[PDB]
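Protein chains in written order, with the entry's author numbering: chain C, 1 to 375; chain D, 1 to 375; chain B, 102 to 199, 218 to 628, 655 to 752.
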């Protein structure tokens, strides 16, 4: 559009996808990565007669629908429904053709090759984008924060990442590609709601639980105080109604979600947390250079939208440092979509001219061109 | 050229290159013959977009820096690092280009052809100096305190040197070019620190050790006694810490360095003693002449600037001599920089206009004009 | 020496290349009278010796007799012949045609002096804009209209000023000239108690904020401004001034909103009648316009005080724009055939100045594209020459001598051009003058007249080989006058004004940098010059101190190059500069190797 690349942007995380373009400081459109499809589609007495419920469209008649996720933890999983989402983002949400503007599809750092291929091929075979940057979902959170270096977190609904910006920036062993995100937060909220007695089995009810969380959730700076608070609906056991007559009373289970992000012990297996592999990224940086990234603990994502994410994550990372080194979280004026903001601002300066996969870049270098342009 | 030749002064040895101007009593800057070069210089939160860190600029970011050396052993070990050194000295520290500013550099006698060729070339191919001068490091320290005659041992943080002056001037077999500099005390310090448990491997840690040797260090008058004291943190076990919490309680190790000053064979080299080679360069003449050499043993340069140096060396030359010819040591009013100060004095003096390497001097007379002007 | 001894012998009006060099005495020489009106009515540029009336007839007879709209190019230092040559043509036409309406131009000009003219180096009452006075002619070529219009309103100057360059004079006219009664109606803090008027010259040199402020008020009235319309205008001057004082407190991380102490906002909002709290908090919390949504990623207080400077900039810009609007309301006749017209130019031409900055980059690049039209029409007349005879030589398009100087300022991406590198770094949610000079240096080769300065000078500075000659630019203070996060919430509040005339100014409510705005103002004045047969009048300094009968040919060529007329002369040279007539050749060269061809010989060619 404008005299920039003015490149379009699919801030396509795994729980949310943000349409937009360059010269902008905040997501143009937000629609969940969750694309939906009804259980009794056809004709019902209840439903609204659709097929591929791109985004929050999914969340509509969960009592009589089901809800898939074309991206799961940055793994762009259903690139048919992700094409639905890219159609949505550019062709529908942006309503400016992907086929016409350079687009920008955000991805988990170190995402599977297949998802990269989808993004590029699709911008260049389903959406015929002149030149699309498969942009690093975290590094965009970085660029939006007004920074180009530091601890680069993208935490939650969608997918969590942490890019270190040092002698290294992106390696299958340098960036935290944390599949621990608001998706796992949602799944755990579902499990504990079933524990209380709120049985949720279908992905429709899992998205019921996700919309619970993303609103009934708390980055538990102190999980246990508010947990006793939320054994009953005090301020932290909140209710959520599906319009079919379903009220969900979510106990400690609200803030039991983001703690899965930080402290995955809520689930019960042998795994790692967010701030931990975040510091794993910072640690590839030298002593002085882990010290360096500490300043810019840039953060974004879905769990960055639960109360305490800055305090929780920074308490943790400051602790995840030689005490000769303090750490500070950068909070964009919008985090969960600072992926979008950074991608679009990269699109704003000359920088997108340096970063897209061209349609030709794809058609020539296959979809591997993502790898050949941006991991 | 230039009645008071304004001649910039580069006290360049293995360690401290000292920057300054004609007719001054202390260098306008001091910075070792060390240039830092990081590992990968990535886009860090802490980075500099530069790779060439001249002097203590090498000592700065050792946590990621490898530290190369323009001069070692009075040998220019890197004229491009000596390009860095005179960019520093003159372009940076004197902040006046060695171009158009005569540069009364320093240079040890008996330096190999390479060092003189470099100094002149650097000065006339990186620095186009209208009038370079490399005067005798030792005779420069002589000219510092206002001397013209006497055996002037100069061991800067560069090479260890002594030019025994008498009714005339010294001999080539009676001139000390001791296999010694600040670098050697440094490396011995590194080894002996690793001995007790303060391990150093890289030029980062070795230059940690060099700044120790330059500062956490002491001319050992009773070396082994102090050693026993400083095998535990009692009286000379004095901690330098690498700022990651690397405690280096440099004990016996500190004054173990100036013991390599007086005994460079501690490292494994077959070199002689510093005060010993003073006595040697003394004896090589007639009774009256070798006696004049005996008399005035100006201890000068950086490595003769540790606590206890002058009288240690003086007891040395006395014990290391017959009782028929006495020996006395002069401590320059600024001894570590006495090389530089004599450079500055000769610069202000008419003598730089009688002794200097013109740019054309090198260009026509070959770089051997430094050989023709450095003695 | 022609120019010099001609002017000295009176001949201010020397032809040069193919231009009416007016080595301006700043006295309107009585070569504009009805006798010269008609001694040129019928007599285009080259028909008679060098005259704004030779060219004024080029214009007119193109207007009546060729039925072609016209534009008397009149370029050079502001007020260095501009009003001189402009009113020259104005009167030429006034008697050649039916002028009256341009007469309000002369009362527009003080207001233009107030809000559009900002002081400059080579002129004190200098139009820091370039205006054009379009005299609109009947099909009979009769002045039934005349409408003036100003472009290069250095809204930057409305906020941050240049050396020897006051703000738009009214800002000063306001504090000194607007009464302390007004100074409180206008909450007029002092000249430098206001963030703007930081320029040292409180009054215009050879002038005063008081008297030209009363020019401002009364002339606004003659244009149709009530002294309460004027006084809200002045509240705008002063509230723009207040804006720079309105600072929105920032935070360490990229955050959104803080300014508790909105007393300077209290002042801007008393003057503008807008709310102090809406103004403030919505500069704290503006809705950043990002796409399908206008999200409260509320501008970082970086962009908040940038929205402050933007409010002041665009506020005073539309102030003087509505002002020039009333200017043209009572200025032009609402009745006109105007089937032809004459846009006579009054711009600060190629400005050989000491401050060459955002406003001055835009001004010098403006004169670049203007003297491009000028030298291209010189190319037109040079081609007219070569086609007049049988001339196998049709030498280069001569305005092309200007082009590499021009995209140097213009290129917006694909490593971009100077003012548009500025524009890039203003498209950022933050301000990046560092990436601005990054782009300056990396792009100096992407320009063709970018003189990126030395290893140490280029780091924030550079040069731009302007057609004024190279002009060195330190592009480091441009984003602050160019970021322009014009707070649509606060500018809407300016429409939500309770000072209703203030609302009239910004009934119009982030990105869209001011570098692009000033390129826009260039292109406006450039089309006003070029849309016609560009009529060749030049405004030349024998002294920019506004002197008559005094000259050094130095200043002559200074303005010639500043009008491109030194370049236009080189360009006649770049073409066929001279033309030895056939019989001239026969006279001249019977003695010179004719030898069978006595002078006055028979064969035009063969002799």
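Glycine included, C-beta positions come from ideal geometry on N, C-alpha and C.
- Residues of chain C whose Cβ lies closer than 7 Å to the Cβ of residue 375 of chain B are, in chain order, 333.
- By the beta-carbon neighbour count (other beta carbons within 10 angstroms, threshold 16), residue 549 of chain B is buried.
- From the beta-carbon of residue 349 of chain C, the residues of chain B found nearer than 9 Å are 532, 543, 544, 546, 547, 551, 554, 558.
- Just so you know, the alpha carbons of residue 438 of chain B and residue 356 of chain B end up roughly 8 Å apart.
- When secondary structure is reduced to three states using DSSP, residue 285 of chain C falls in the coil class, being assigned neither helix nor strand.
- Of the other Cβ atoms in all chains shown, 16 or more fall within 10 Å of the Cβ of residue 120 of chain D; this residue is therefore buried.
- Scanning chain C for C-beta atoms nearer than 9 Å to the C-beta of residue 425 of chain B yields nothing, as the closest lies near 12 Å away.
- In this structure, DSSP gives residue 266 of chain B an extended state, which the three-state scheme calls strand.
- Secondary structure within the segment 536–583 of chain B: the beta strand (DSSP E) runs of 3 or more consecutive residues, fully enclosed, are 580–583 (chain order).
- Only residues of its own chain outside the window of five on either side were considered, and among them 64 have a CB closer than 6 Å to the CB of residue 39 of chain D, listed in chain order.
- Taking CB atoms only, residue 400 of chain B has no neighbour in chain C less than 8 Å away.
- It is roughly 31 Å from the alpha-carbon of residue 363 of chain B to the alpha-carbon of residue 6 of chain C.
- Inter-segment contact for the segment 157–165 of chain C and the segment 12–23 of chain C is present: three or more beta-carbon pairs are separated by less than 8 Å.
- Taking the beta carbon of residue 46 of chain D as reference, the chain C residues within 8 Å of it are 288, 289, 291, 292, listed in sequence order.
- Going by beta carbons, residue 141 of chain D and residue 370 of chain D fall outside the 8 Å limit.
- Going by DSSP, residue 144 of chain C is part of the alpha helix (DSSP H) stretching over 137–144.
- Residue 256 of chain B has B:262, B:459 as its beta-bridge partners, per DSSP.
- The segment 522–540 of chain B makes no contact with the segment 698–707 of chain B, as fewer than three CB pairs between them are under 8 Å.
- When Cβ pairs closer than 8 Å are counted between the two stretches, the segment 163–182 of chain B is seen not to touch the segment 128–140 of chain B, the count staying below three.
- Here residue 495 of chain B is buried. Its C-beta has 16 or more other C-beta atoms within 10 Å.
- Separation of the CB atoms of residue 74 of chain D and residue 144 of chain D is rounded to 17 Å, and the pair is thereby denied contact status at 8 Å.
- Between the segment 97–109 of chain C and the segment 341–359 of chain C, the count of Cβ pairs shorter than 8 Å is three or higher; the stretches touch.
- Taking residue 508 of chain B as the centre and dropping the five residues before and after it, the same chain places the C-beta of 724 closer than 8 Å to its C-beta, in chain order.
- Residues of the segment 74–102 of chain C whose Cβ lies closer than 9 Å to any Cβ of chain B, in chain order: 93, 94, 95.
- Taken in chain order, the whole alpha helix (DSSP H) runs of length 4 or more contained in the segment 327–410 of chain B are 328–342, 346–364, 382–390, 395–403.
- Residue contact check for residue 106 of chain C against chain B: no CB pair falls below 8 Å.
- Around the beta carbon of residue 247 of chain C, fewer than 16 other beta carbons sit within 10 angstroms, so the residue counts as exposed.
- Between residue 620 of chain B and residue 436 of chain B the beta-carbon gap is near 16 Å, outside 8 Å, which marks them as no contact.
- Here residue 311 of chain C has 221 as same chain residues with Cβ atoms under 7 Å from its own Cβ, once five neighbours each way along the sequence are excluded.
- The alpha carbon of residue 405 of chain B has as its nearest neighbour, out of B:460, B:656, B:230, B:671, the alpha carbon of B:656.
- The Cβ neighbour count for residue 737 of chain B, taken over all protein chains shown within 10 Å, is under 16; the residue is labelled exposed.
- In the three-state DSSP reduction, residue 204 of chain C falls in the helix class (H, G or I).
- Distance from residue 53 of chain D to residue 60 of chain D at the Cβ level is roughly 6 Å; contact confirmed, criterion being Cβ atoms closer than 8 Å.
- Residue 656 of chain B belongs to the set of residues whose beta carbon lies under 8 Å from a beta carbon in chain C.
- The beta carbon of residue 219 of chain C sits closer than 6 Å to those of 258, 306, 307, 308, 309, 312, all from its chain and outside the five residues before and after it, given in chain order.
- Fewer than three Cβ pairs drawn from the segment 291–303 of chain C and the segment 196–214 of chain D lie within less than 8 Å of each other, which leaves the two stretches out of contact.
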